[PDB]
2 protein chains.
Amino acid sequence: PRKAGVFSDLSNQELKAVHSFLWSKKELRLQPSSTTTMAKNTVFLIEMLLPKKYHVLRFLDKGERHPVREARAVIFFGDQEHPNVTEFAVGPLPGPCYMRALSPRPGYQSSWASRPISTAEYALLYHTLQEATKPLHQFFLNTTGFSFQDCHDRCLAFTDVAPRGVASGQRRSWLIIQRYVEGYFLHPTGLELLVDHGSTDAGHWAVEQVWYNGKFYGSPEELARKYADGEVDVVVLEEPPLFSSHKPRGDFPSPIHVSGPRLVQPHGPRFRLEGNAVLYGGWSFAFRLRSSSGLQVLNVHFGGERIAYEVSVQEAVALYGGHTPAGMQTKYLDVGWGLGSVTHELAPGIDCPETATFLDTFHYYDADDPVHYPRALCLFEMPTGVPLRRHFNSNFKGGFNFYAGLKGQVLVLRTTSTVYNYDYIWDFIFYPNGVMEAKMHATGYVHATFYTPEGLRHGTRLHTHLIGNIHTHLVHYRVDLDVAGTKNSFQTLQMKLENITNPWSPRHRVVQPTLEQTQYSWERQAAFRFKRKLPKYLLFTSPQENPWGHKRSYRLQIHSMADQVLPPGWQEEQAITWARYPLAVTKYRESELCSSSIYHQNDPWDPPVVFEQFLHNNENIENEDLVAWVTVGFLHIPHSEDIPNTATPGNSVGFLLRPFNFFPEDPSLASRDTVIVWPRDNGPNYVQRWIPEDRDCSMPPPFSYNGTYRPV
Amino acid sequence: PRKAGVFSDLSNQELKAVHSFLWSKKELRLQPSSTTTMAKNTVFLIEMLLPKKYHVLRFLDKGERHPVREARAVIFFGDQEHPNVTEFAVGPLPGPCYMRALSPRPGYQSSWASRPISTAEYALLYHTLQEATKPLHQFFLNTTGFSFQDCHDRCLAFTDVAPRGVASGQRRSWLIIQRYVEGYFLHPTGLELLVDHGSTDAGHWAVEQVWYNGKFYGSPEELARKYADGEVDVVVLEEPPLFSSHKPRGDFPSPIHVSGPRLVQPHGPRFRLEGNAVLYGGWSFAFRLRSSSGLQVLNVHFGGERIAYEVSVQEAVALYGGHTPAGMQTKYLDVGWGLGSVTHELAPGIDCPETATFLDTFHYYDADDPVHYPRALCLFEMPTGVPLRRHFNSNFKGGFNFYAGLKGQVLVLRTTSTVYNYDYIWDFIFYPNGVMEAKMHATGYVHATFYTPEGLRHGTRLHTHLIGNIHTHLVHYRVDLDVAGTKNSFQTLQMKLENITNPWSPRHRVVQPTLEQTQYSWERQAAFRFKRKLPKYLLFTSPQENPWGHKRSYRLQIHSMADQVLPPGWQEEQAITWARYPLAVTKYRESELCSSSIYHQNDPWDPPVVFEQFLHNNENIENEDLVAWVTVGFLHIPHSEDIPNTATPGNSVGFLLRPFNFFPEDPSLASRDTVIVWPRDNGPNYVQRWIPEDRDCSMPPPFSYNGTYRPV
Ligand SMILES: *[C@@H]1O[C@H](CO)[C@@H](O[C@@H]2O[C@H](CO)[C@@H](O)[C@H](O)[C@H]2NC(C)=O)[C@H](O)[C@H]1NC(C)=O
Ligand SMILES: *[C@@H]1O[C@H](CO)[C@@H](O[C@@H]2O[C@H](CO)[C@@H](O)[C@H](O)[C@H]2NC(C)=O)[C@H](O)[C@H]1NC(C)=O
Ligand SMILES: *[C@@H]1O[C@H](CO)[C@@H](O[C@@H]2O[C@H](CO)[C@@H](O)[C@H](O)[C@H]2NC(C)=O)[C@H](O)[C@H]1NC(C)=O
Ligand SMILES: *[C@@H]1O[C@H](CO)[C@@H](O[C@@H]2O[C@H](CO)[C@@H](O)[C@H](O)[C@H]2NC(C)=O)[C@H](O)[C@H]1NC(C)=O
Ligand SMILES: *[C@@H]1O[C@H](CO)[C@@H](O)[C@H](O)[C@H]1NC(C)=O
Ligand SMILES: *[C@@H]1O[C@H](CO)[C@@H](O)[C@H](O)[C@H]1NC(C)=O
Ligand SMILES: [Ca+2]
Ligand SMILES: [Ca+2]
Ligand SMILES: [Ca+2]
Ligand SMILES: [Ca+2]
Ligand SMILES: [Cu+2]
Ligand SMILES: [Cu+2]
C-alpha cells in the first residue's frame with residue numbers, strides 16, 4: 001500500500017502531467033499521434049521509469065527517503081532533417097522539472113527505422129496500398145469479390161509482417177492481403193506486396209514487389225497486364241458460420257445443455273489488495289504492467305523474507321518459416337508492438353473467474369491521451385482440484401490412524417497481450433506453501449498464409465486456401481531472485497552413482513545414488529546453452545543456513561520445449577541472443593535491466609541490447625546480486641484443430657520457484673484450512689478443524705463486457 | 001453401460017464366487033490369509049482378467065458375442081515341499097467351471113521369494129523382531145524411551161525396505177527401527193536390522209546383522225554387550241504438535257480465518273456415468289482399478305471415433321541411495337505392494353471437489369474376503385481458471401469487432417495409491433477439445449533414515465535425527481493408442497533450417513524453418529533412450545486423411561524430468577528396463593500386456609517380464625496395432641519443506657494426448673458454452689450465448705469420512 005507505491009504504474013493524472021510538461025516545451029514541436037504524417041515529432045510512449053534498485057532497497061529496508069519518481073518518455077523526432085527516436089527520464093513526479101536524454105548510442109544511425117509502426121503509419125499505408133493497387137481492381141473483384149476502393153461490404157485488408165527488410169535501416173514490409181471478414185486472419189487472398197515505407201513523405205512510398213499464387217510480378221500493373229492477357233493462373237475464392245468464427249457448430253454425441261460448475265466466494269477475497277500491493281497468507285508482493293514489456297511482480301516476500309526483487313516478462317517471439325515471401329519473412333517480437341499495452345478487457349467467468357477481482361489501468365502507447373483499459377488485469381484465488389498435501393495413515397488391518405489433508409488453492413495474478421492475431425494469457429501464481437509459478441498460455445488466431453503446394457514444407461493446410469506456417473514460440477523472463485536478501489550464490493545438484501563394496505556382504509557391490517553438488521563462480525559457467533544438458537536442480541542460495549545445516553535456497557524449475565532456433569551469430573538472431581540460453585545467470589546491473597526493447601522488432605540486425613554482451617565481462621557470481629534469465633518456448637506446427645483458434649490446453653510454458661531448505665518445515669503448516677480426521681470405534685470420527693466447515697452460497701455480479709478503451 | 005461391462009472390475013459377488021469356487025477345490029488345501037503361518041496355501045489376489053483384444057473388438061465393433069469373463073487368481077502354495085506362486089484364469093463368470101494355470105516359466109526356481117509381503121508375514125516378522133531384540137530392551141529404553149515388549153504407550157515400530165537381499169531367491173529384509181508415533185515414518189531410532197525371513201517356518205528366521213548409528217554389530221547381544229560395557233557411542237532421543245504431524249503451527253503475517261472459494265454444481269454432473277462407462281461432450285470411455293497395477297481407461301473415443309484402446313498405470317518406482325544399509329538397499333516398485341489395491345478413501349472438498357461424484361470398489365488383495373473401498377475413485381468436472389480459447393478482435397481505434405471465449409473446464413478421473421508413507425494421486429483428465437492428459441502427483445511422507453553425517457552424501461538433514469534420502473521417482477504408462485482404428489503408423493516431426501537465396505533480393509539469403517518428417521519402420525527405431533534427444537512432435541497416425549490432406553493423428557507430449565538412473569544391465573535394473581526409454585513403441589501382443597508385475601519388487605534380478613525383450617524381435621511398425629510406452633519421473637532430493645509431507649505443487653509428471661489433424665477443425669466448437677460479445681454504439685453490447693447465463697446456488701452434502709475398508 002504505502003511502500004509498494006514505488007513500484008506502481010503511472011496514474012491517468014501522472015500520464016497527463018508528463019504529457020502537458022512535454023507539450024509545454026514548444027521547441028519539441030509535438031503533434032498528436034493521430035496527425036496524418038510521419039513528418040512529425042510525437043510522444044509515442046510514456047510509462048513509469050523504475051528507480052535504481054540501490055535507492056529502492058534503502059527506502060524499503062534501510063528506512064530511507066522515498067526514491068524520486070520518474071517517467072520514461074519515448075519521443076519520435078520525425079519532423080527534422082535527420083529523423084530519430086530519443087528516450088527521456090521525465091521527473092520528478094509529482095511536479096516535473098526536467099527531461100533527461102536516456103542511454104546514448106554512439107555510432108548508430110538507424111533509430112528511425114527501428115521505430116514501432118504507429119496507427120497513423122498504418123493509415124498512410126492503407127492509402128499507399130489503395131493507390132498502388134488501382135490497376136488490380138478488376139483482378140481483385142474477379143479473384144476475391146473484394147476490393148480496396150469503395151469496397152463497402154467487401155474490403156480487402158492486410159497483415160504486415162516483421163522485420164521489414166534485409167538490413168538495418170530498412171522499412172520494407174511484406175503485407176499479406178486478406179478479405180476483411182470475421183477472423184480475417186484466416187482469409188489470405190494469395191496476394192502479397194512489399195512496400196518500402198521508409199520515407200517520412202508517404203508520397204515516396206511504393207510497392208516494390210508483388211507476389212501472387214506462387215509467382216513474383218515486379219509491379220501491380222504487370223500482374224494486371226499479365227492477368228488481363230490470360231497469363232496468370234489464378235484462384236477464385238468462395239445459415240452456417242464462417243470457419244474463421246467462434247460460433248458453435250457440430251454436435252457432441254452426448255450433448256450439454258447446462259453450465260458446468262463455477263467458483264463461489266461467499267466470504268470474499270482471502271488476499272488483501274491495496275493499490276498495487278497484495279498479501280496472501282505468507283505472501284507479500286507488488287505488481288505493475290509495464291506498457292513496453294508486460295507484467296511484473298516486484299518485492300516478492302514469503303513470511304517477511306524477500307525471495308525476488310523482480311520477476312518480469314521481457315520479450316515474446318514468434319519465428320516462422322514460409323513458402324511465401326511474407327511467411328519466410330516473419331520473426332515477430334511483440335515488445336516492438338507494445339506487449340504490455342495490449343492488455344485488453346478480461347471477460348468475467350471466461351478469462352478469469354466470475355469471482356475474480358478485476359483491475360483497470362492506463363497505457364500511453366501510440367496515443368493522443370492516456371487510455372483507460374478496463375479489466376486489464378485480474379487477481380483471484382481458485383481451487384486447484386488437487387490437495388496441497390494429503391496422507392492416509394492406514395493401520396493396515398481394516399482402519400486408519402488418521403487422514404490429513406490441505407485442500408489446494410492458489411492466487412493467480414493474470415493479464416493478457418493481444419497484439420493482433422494471437423492472445424497470450426500471462427500468469428503469476430502463488431501457492432500457500434511458498435511455491436510461485438510463471439505461466440504463459442497461447443490462444444487466439446494463428447499467423448497464416450495462402451495455400452500453395454510448396455508451402456507444405458513450411459506448415460500445414462488448415463483450410464482450402466489456408467497454410468498454417470511453422471514457427472517457434474519463445475519467451476524471455478527476467479528473474480531477479482534475492483533469496484533471503486540481495487547477496488546470493490548459484491549452485492546445481494545432480495545425482496551421481498557410486499560403485500562400492502556391499503558393506504554387509506563383501507562379495508557383492510552396491511551401485512547407488514549420491515548427492516553431487518556443483519559450485520559456479522563465473523557468469524559464463526552459469527550460461528546454459530540448449531545443447532548443454534540442464535541440471536535437475538537449479539538453486540539460488542543464501543549464505544544463511546536452516547535449522548538443519550543446509551543453505552537456504554530457492555530452486556528454479558523450467559517448463560519448456562525450447563531449443564536453439566536461429567543459428568547463433570546469423571543476422572536477425574542478434575536480436576534474440578537470450579534464446580541461446582534456457583537459463584542464464586548474470587550479476588545485477590542498472591545497465592542490464594532488460595533483455596529486449598521496442599526497437600528490436602524492426603532492427604534485429606543491430607539492436608540496442610544484445611543479451612550475449614551481458615556475459616562478456618564474465619563476472620564473478622559468488623555472493624553477489626544475481627539475476628536469473630529464463631527462456632521457455634515451444635515449436636508450434638499448426639494443425640486443423642487450431643481453426644478458428646489455437647486452444648490453451650497443453651499450449652503453455654513457464655517455470656516454478658520452489659523453496660529449497662529455505663524454511664524449517666512446510667511453510668503451509670500455518671494454514672488453518674487443514675483437516676485431520678481421527679478414528680473412533682463407536683460413532684462419528686472426530687473431524688478436527690481450525691476453520692469451520694462452510695457451505696455458504698453467494699452470487700456473482702451479472703456478466704458485463706465493455707470492449708472499449710478510451711481516455712478519461 | 002451395456003458395452004463397457006466387458007472392461008468392468010469384479011463385483012463383490014463375483015469376487016466371493018471365484019473365492020468359493022477355489023475354496024471348494026479341497027486339494028488346494030486353502031487357508032485364509034489371516035492364518036499365522038507362511039506354511040500355507042492361500043488365494044492372495046483375485047481380479048478381473050481382461051479378455052483378448054481381438055475378441056473384445058469384435059464384440060465392440062463387429063457386433064459379435066460378448067467375450068467370456070474371467071478372474072485372475074494368484075495362489076500362494078506355501079504348504080508343500082517346494083513352495084511356489086501360481087496364477088490362474090478362473091472362469092467363466094458367472095458360473096465358474098475351471099481354473100487354468102497361467103504363463104508357465106520353465107527354468108525359474110524363485111517364485112516363492114518373489115512373492116509380495118503379506119499381513120500375516122509382517123505379524124510373524126514383528127514376532128521375530130520382539131524375540132531377537134530381547135537383549136536390547138535396556139538399550140532401547142535408555143536410547144529411545146521405547147520398546148518392542150509390553151511397550152504400551154511407547155512401541156518401537158519398523159519399516160521394511162525392498163528388495164530383500166543381493167540375489168534372486170533371497171528374502172533378507174533391511175528393517176528401519178522407528179518410534180510408533182504420529183507420522184512414525186519420520187522417527188527412525190538409528191537401529192537397522194537385517195532379517196532373513198526366507199523359510200516357511202518363522203522359527204528359522206533370524207536377525208543376521210545389526211547396524212546402529214554408523215556401525216555394524218553382527219548380532220543384538222553383541223551391540224548389547226558392547227553398549228553395556230561403554231563401547232557404543234549412542235544418541236539419546238527427545239502443548240505444541242509433533243514435527244511429523246499435519247497439525248498447524250506458525251502464523252501467516254496476513255492471516256486467513258475464512259474458507260477460500262469452492263465449486264458449486266447446482267445443475268448436476270454434465271457427464272453421464274453408467275457403471276464403469278462415462279460420456280462427456282465428445283468423450284466416451286470406460287475405466288477400471290486393476291488391483292495389481294492401478295487405474296486404467298479403456299475404449300476411449302472422441303466424437304464416435306476410437307483414439308485409445310487402453311491407457312494405464314504399469315509401474316511406479318522409487319530408487320534410493322543411502323548412508324545406512326537400508327537407505328542404500330531401497331528400490332521400491334509399488335506394484336509388488338498392490339498399487340491398485342491401496343486406493344484409500346478420498347476426502348470430499350480436499351482430495352476431490354465437494355461437488356465430485358465419488359465411486360467405491362472392491363479389492364481382493366491379501367484378504368480373507370472382498371474388501372469394500374469407499375470413495376476409491378472420484379469423477380468430477382472442474383473449471384481450469386483458464387479459458388479453453390479466447391480472442392479479443394480489436395479494431396485498433398478504441399473499440400472491438402468482437403470478444404469470443406470458451407470458459408475452461410475439464411473432467412478428472414482420479415484415484416490414489418497410499419502403500420505406506422507416500423500418497424500418489426493418479427489423474428486422467430479430459431478436455432472438451434479432444435485433449436486427454438495423464439498426471440501423477442506425489443504427496444504424503446518421504447522415505448527417511450537416521451541422521452549420521454556420512455548420510456549427507458545421500459540426502460538432506462530434515463530434522464535433528466532425520467535424513468531425507470535421495471531418490472528418483474519413475475512411472476511407467478502403457479498407452480495403447482488406436483488412432484481412428486486398430487492399424488497405425490508412428491512418425492515424428494522436427495524443424496530443420498534451410499539456407500536459401502532470398503527470392504526477392506538475390507544478394508541476400510534466408511535461413512528459416514522447414515517442416516521435416518521422419519518415418520519409423522521397425523520397433524527399435526522408436527525406442528528412444530534418455531540420451532537420444534526426443535523429437536518435439538511424436539505422432540501416431542491413421543492412414544485416413546483429414547479434409548485438408550493431412551494424416552489424422554494423435555500427438556504424445558511427455559511432461560517429465562526422468563533420466564537414466566540405474567546402469568543398463570546392472571543387476572536390479574533388469575526389473576526396470578522400461579526406464580531406459582522415455583518413449584518406446586511396440587507392436588501389440590497378448591504376451592506383452594504389462595511392463596511389470598507383482599513379483600518384480602522382490603526378484604528384480606530375474607523378473608518374469610523384461611521390457612527390453614519386447615524390442616528383441618524388432619518387428620515392423622508400419623500400419624500395425626501399435627502400443628506406446630511412456631516413462632515419466634523426477635529426481636527427488638528431500639528438503640526441509642518436505643516435513644511433515646511432500647507437497648504436490650510442482651511434484652507432478654505425466655503426458656498429453658492431443659488431436660493432430662485428426663479433426664477438420666477445433667472439436668470444441670460443438671460446445672454451447674461459448675460466448676461472443678458484439679459491439680454496439682448505442683447501448684448494451686449483444687452478449688451472444690447458446691446456454692443462458694447462470695448464477696444458481698446449491699449446497700454440497702455435508703463433509704463425511706469413513707476411514708475404514710472392510711468386507712460387505
Ligand atoms: C535526435 O533528435 C533530437 C531532436 O532534434 C536531437 O536532439 C537535439 O540536438 C540538438 C543538437 O544538434 C540540440 O540543439 C537540441 O537541444 C536537442 N534536443 C533534444 C530534445 O534532444 C538529437 O541530437 C538527435 N540524436 C542524434 C543521435 O543525432
Ligand atoms: C562396479 O564395480 C565392480 C568392480 O570394478 C565391477 O565388477 C567387476 O566387473 C568386471 C566385469 O565388468 C568383472 O570381471 C570383475 O570381476 C568385477 N569385480 C567385482 C569385485 O565385482 C562392476 O562391473 C561395476 N559395476 C558398475 C555398474 O559400474
Ligand atoms: C507350483 O505348485 C503347484 C501346487 O502344488 C504345482 O501344481 C501341481 O503340480 C502337480 C504336479 O507335480 C499336480 O499333481 C497338481 O495337480 C498341480 N496342481 C495345481 C493346482 O497346479 C506346480 O507344479 C508348481 N509349479 C512348479 C513350477 O513346480
Ligand atoms: C547460408 O549460406 C551462405 C552460402 O553458403 C553462407 O554465406 C557465405 O558465407 C561465407 C562465410 O561463412 C562467405 O564467405 C560467403 O561469401 C557467403 N556467401 C553468400 C552467397 O552469402 C552463409 O554463411 C550461410 N548461413 C548459415 C547460417 O548457414
Ligand atoms: C463502456 O465504458 C464507457 C466509458 O465509461 C461508457 O461510456 C460506455 O457506456 C460503456 N459501454 C458499454 C457497452 O457498457
Ligand atoms: C463406516 O462404514 C461402515 C460400513 O458400512 C459402518 O459400519 C460405519 O458405521 C461407518 N463409520 C463411520 C465413522 O461413519
Ligand atoms: Ca538478485
Ligand atoms: Ca556481466
Ligand atoms: Ca494400438
Ligand atoms: Ca516386438
Ligand atoms: Cu503458435
Ligand atoms: Cu520423493
# chains A, B, ... in the order shown; residues from 1 in each chain; ligands from 1

call {"tool": "residues_near_ligand", "arguments": {"ligand": "ligand 2", "cutoff": "6 Å", "atoms": "only C-alpha atoms and all ligand atoms", "output": "JSON, numbers by chain"}}
result
{"A": [499], "B": [567, 570]}

call {"tool": "select_by_dssp", "arguments": {"residues": "stretch 476-670 of chain B", "states": "strand (DSSP E or B)", "output": "VMD selection string"}}
result
chain B and resid 476 to 481 488 to 495 498 to 501 509 to 512 515 to 519 522 527 to 528 537 to 545 551 to 559 583 to 587 620 624 626 to 636 646 652 to 660

call {"tool": "write_last_selection", "arguments": {"atoms": "C-alpha atoms", "output": "PDB file, in the first residue's frame"}}
result
ATOM      1  CA  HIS B 476       5.582 -46.349 -16.477  1.00  0.00           C
ATOM      2  CA  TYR B 477       2.435 -45.933 -18.575  1.00  0.00           C
ATOM      3  CA  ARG B 478       1.068 -48.259 -21.256  1.00  0.00           C
ATOM      4  CA  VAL B 479      -0.545 -46.118 -23.929  1.00  0.00           C
ATOM      5  CA  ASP B 480      -2.338 -48.368 -26.410  1.00  0.00           C
ATOM      6  CA  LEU B 481      -3.376 -45.655 -28.906  1.00  0.00           C
ATOM      7  CA  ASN B 488      -1.498 -47.049 -37.134  1.00  0.00           C
ATOM      8  CA  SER B 489       1.945 -45.859 -38.002  1.00  0.00           C
ATOM      9  CA  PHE B 490       4.320 -43.751 -35.921  1.00  0.00           C
ATOM     10  CA  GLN B 491       6.101 -40.650 -37.211  1.00  0.00           C
ATOM     11  CA  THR B 492       7.929 -37.682 -35.724  1.00  0.00           C
ATOM     12  CA  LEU B 493       8.326 -34.086 -36.886  1.00  0.00           C
ATOM     13  CA  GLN B 494      11.191 -31.675 -36.409  1.00  0.00           C
ATOM     14  CA  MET B 495      12.055 -28.192 -37.518  1.00  0.00           C
ATOM     15  CA  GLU B 498      17.161 -24.310 -44.767  1.00  0.00           C
ATOM     16  CA  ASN B 499      19.651 -21.842 -46.212  1.00  0.00           C
ATOM     17  CA  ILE B 500      18.318 -20.392 -49.472  1.00  0.00           C
ATOM     18  CA  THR B 501      18.733 -17.364 -51.722  1.00  0.00           C
ATOM     19  CA  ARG B 509      19.979 -15.193 -48.027  1.00  0.00           C
ATOM     20  CA  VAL B 510      17.114 -16.629 -45.995  1.00  0.00           C
ATOM     21  CA  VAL B 511      17.747 -19.059 -43.166  1.00  0.00           C
ATOM     22  CA  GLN B 512      14.368 -20.222 -41.967  1.00  0.00           C
ATOM     23  CA  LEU B 515       8.878 -28.897 -41.576  1.00  0.00           C
ATOM     24  CA  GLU B 516      10.868 -32.122 -41.537  1.00  0.00           C
ATOM     25  CA  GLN B 517       9.207 -35.539 -41.096  1.00  0.00           C
ATOM     26  CA  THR B 518      10.655 -38.901 -40.112  1.00  0.00           C
ATOM     27  CA  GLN B 519       9.034 -42.268 -40.745  1.00  0.00           C
ATOM     28  CA  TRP B 522      10.979 -51.011 -37.085  1.00  0.00           C
ATOM     29  CA  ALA B 527      12.860 -46.953 -28.747  1.00  0.00           C
ATOM     30  CA  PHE B 528      14.110 -43.579 -27.575  1.00  0.00           C
ATOM     31  CA  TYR B 537       6.380 -33.880 -32.202  1.00  0.00           C
ATOM     32  CA  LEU B 538       5.560 -37.537 -31.540  1.00  0.00           C
ATOM     33  CA  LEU B 539       2.657 -38.562 -33.774  1.00  0.00           C
ATOM     34  CA  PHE B 540       0.700 -41.797 -34.018  1.00  0.00           C
ATOM     35  CA  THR B 541      -1.055 -41.646 -37.387  1.00  0.00           C
ATOM     36  CA  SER B 542      -4.012 -43.127 -39.167  1.00  0.00           C
ATOM     37  CA  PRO B 543      -3.877 -43.746 -42.955  1.00  0.00           C
ATOM     38  CA  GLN B 544      -7.094 -41.729 -43.272  1.00  0.00           C
ATOM     39  CA  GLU B 545      -6.609 -38.077 -44.239  1.00  0.00           C
ATOM     40  CA  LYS B 551      -2.889 -37.762 -41.885  1.00  0.00           C
ATOM     41  CA  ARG B 552      -5.253 -37.954 -38.957  1.00  0.00           C
ATOM     42  CA  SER B 553      -3.135 -38.378 -35.842  1.00  0.00           C
ATOM     43  CA  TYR B 554      -2.726 -38.018 -32.102  1.00  0.00           C
ATOM     44  CA  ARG B 555       0.371 -36.415 -30.664  1.00  0.00           C
ATOM     45  CA  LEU B 556       2.049 -37.689 -27.469  1.00  0.00           C
ATOM     46  CA  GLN B 557       3.650 -34.968 -25.346  1.00  0.00           C
ATOM     47  CA  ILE B 558       5.613 -36.104 -22.276  1.00  0.00           C
ATOM     48  CA  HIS B 559       5.949 -33.997 -19.127  1.00  0.00           C
ATOM     49  CA  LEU B 583       9.100 -43.337 -25.172  1.00  0.00           C
ATOM     50  CA  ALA B 584       9.019 -46.841 -26.633  1.00  0.00           C
ATOM     51  CA  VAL B 585       6.666 -48.102 -29.376  1.00  0.00           C
ATOM     52  CA  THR B 586       5.820 -51.789 -29.624  1.00  0.00           C
ATOM     53  CA  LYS B 587       3.625 -53.818 -31.900  1.00  0.00           C
ATOM     54  CA  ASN B 620       7.879 -53.764 -38.352  1.00  0.00           C
ATOM     55  CA  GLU B 624       0.121 -52.183 -37.270  1.00  0.00           C
ATOM     56  CA  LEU B 626       0.935 -50.022 -32.043  1.00  0.00           C
ATOM     57  CA  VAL B 627       1.396 -49.606 -28.292  1.00  0.00           C
ATOM     58  CA  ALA B 628       3.216 -46.589 -26.849  1.00  0.00           C
ATOM     59  CA  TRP B 629       5.089 -46.989 -23.535  1.00  0.00           C
ATOM     60  CA  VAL B 630       5.976 -43.880 -21.539  1.00  0.00           C
ATOM     61  CA  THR B 631       8.346 -43.290 -18.651  1.00  0.00           C
ATOM     62  CA  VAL B 632       7.913 -40.084 -16.682  1.00  0.00           C
ATOM     63  CA  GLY B 633       9.682 -39.228 -13.469  1.00  0.00           C
ATOM     64  CA  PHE B 634      11.757 -36.870 -11.386  1.00  0.00           C
ATOM     65  CA  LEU B 635      14.817 -36.753  -9.127  1.00  0.00           C
ATOM     66  CA  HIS B 636      13.634 -36.031  -5.602  1.00  0.00           C
ATOM     67  CA  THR B 646       5.928 -33.720   0.343  1.00  0.00           C
ATOM     68  CA  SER B 652       3.721 -33.986 -10.797  1.00  0.00           C
ATOM     69  CA  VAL B 653       4.591 -35.657 -14.118  1.00  0.00           C
ATOM     70  CA  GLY B 654       2.659 -37.231 -16.983  1.00  0.00           C
ATOM     71  CA  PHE B 655       1.751 -36.677 -20.615  1.00  0.00           C
ATOM     72  CA  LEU B 656      -0.804 -35.200 -23.014  1.00  0.00           C
ATOM     73  CA  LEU B 657      -2.520 -36.823 -25.966  1.00  0.00           C
ATOM     74  CA  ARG B 658      -3.564 -34.068 -28.395  1.00  0.00           C
ATOM     75  CA  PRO B 659      -5.505 -34.343 -31.655  1.00  0.00           C
ATOM     76  CA  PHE B 660      -3.214 -33.548 -34.596  1.00  0.00           C
TER      77      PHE B 660
END

call {"tool": "residues_near_ligand", "arguments": {"ligand": "ligand 3", "cutoff": "10 Å", "atoms": "only C-alpha atoms and all ligand atoms", "output": "JSON, numbers by chain"}}
result
{"B": [22, 25, 27, 28, 41, 75, 76, 77, 78, 79, 80, 81, 82, 83, 84, 85, 86, 87, 88, 99, 100, 101, 102, 104, 105, 106, 107, 108, 109, 110, 111, 112]}

call {"tool": "residues_near_ligand", "arguments": {"ligand": "ligand 10", "cutoff": "9 Å", "atoms": "only C-alpha atoms and all ligand atoms", "output": "ChimeraX atom specification"}}
result
/B:523-524,585-589,592,613-620

call {"tool": "closest_residue", "arguments": {"among": "A:172, A:533, A:40, A:62", "to": "ligand 1", "atoms": "only C-alpha atoms and all ligand atoms"}}
result
A:40

call {"tool": "closest_residue", "arguments": {"among": "A:210, A:700, A:708, A:182", "to": "residue A:222", "atoms": "only C-alpha atoms"}}
result
A:210
